[PDB]
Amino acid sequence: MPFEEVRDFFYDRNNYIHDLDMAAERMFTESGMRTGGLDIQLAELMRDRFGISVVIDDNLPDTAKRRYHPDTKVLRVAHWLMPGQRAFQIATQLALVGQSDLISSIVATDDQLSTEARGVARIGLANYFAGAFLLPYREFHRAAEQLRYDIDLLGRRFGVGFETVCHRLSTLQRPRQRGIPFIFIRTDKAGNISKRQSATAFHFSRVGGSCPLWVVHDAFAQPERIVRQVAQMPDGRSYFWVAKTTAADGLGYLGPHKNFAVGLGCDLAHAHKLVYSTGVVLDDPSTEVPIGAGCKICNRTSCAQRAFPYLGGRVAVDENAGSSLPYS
């Protein structure tokens, strides 16, 4: 499974690629970058260092974010992208043409990847490079701690959106300068989890996450507003979750619509460092919400929300009782 192979590639590397990250930051510093208008400077850097001409093309197809023409070294970027997104596109292409060898050797370090998986992993590492270039490690880590992890304020400072900030936060595993260890999740209204990235072993790092009581799936009921939750898994470990929906503009009233929820999760021990714990009492184990990973694999015994019987237990029927607890 190509995308699952790459998910596991990043999971195995603690969602941190030291050489690549360093590389991005080095290039950011050596080439004189300054956060603020990074799109203009990335165009200039492409001109000066790779002979690549960046044009903002309002003639690209409606769905095309960028197209690179290697024969003339011409990078076309969609006019409808915001500066942060233009910067991301340009930095992705920069990874692919100017960091090709580093990415190739990083891919080689996992000899089990399939061919399709290797192509997908190249794209994933280029996206990682773009993130670590738009958000150079040191500056971003300092900003995240100074701002107490306010994702919106971080976006505002670095001119990027919610999802990108959450990506970068889940990558702060540089030895001796680590940020809060995070698990990053992306889902749609139907529960499809299309992105999993985690600094370390979490319950939802690879599978699971279909618990309707979990706040991430409640984001769509509160669109564009940040939701939060103190959650306890069936094994007693407790976690702090923040989430928010993200919507793709334009498209048109009739157009195809993009709707996702992005969630960030960490051990409850770290919650006190988040602006999102403001007003919440964290030391009270009785105010935690009991959630699970998905009913078929959830051993809780008195859940009123349970959707399916637990695959490990007895499905006893009682003809003489009516209960508000399904499959109890």
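Heads up: residue numbers just count along the shown sequence, starting at 1.
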Higher-scoring stretch by recorded Cα B factor average, 200 to 208 or 249 to 257: 249 to 257
Should the higher mean CA B-factor in the entry be assigned to 101 to 109 or to 81 to 89? 101 to 109
Of the options 116, 188, 152, 163, which has the highest CA B factor as deposited? 116
Whose C-alpha has the highest temperature factor in the PDB entry: 55, 38, 264, 269? 269
According to the PDB entry, is the CA B factor of residue 65 in the bottom, middle or top third of its chain, that is, lowest, middle or highest? lowest
Binned into thirds over the chain's modelled residues, the C-alpha B-factor of residue 177 lands in the highest
By the entry's values, the third containing the CA B factor of residue 195 is the lowest
Based on the deposited C-alpha B factors for this chain, I'd like to know if residue 156 is in the lowest, middle or highest third. lowest
Quick tally, chain-level thirds of C-alpha B-factors: residue 124 sits in the middle
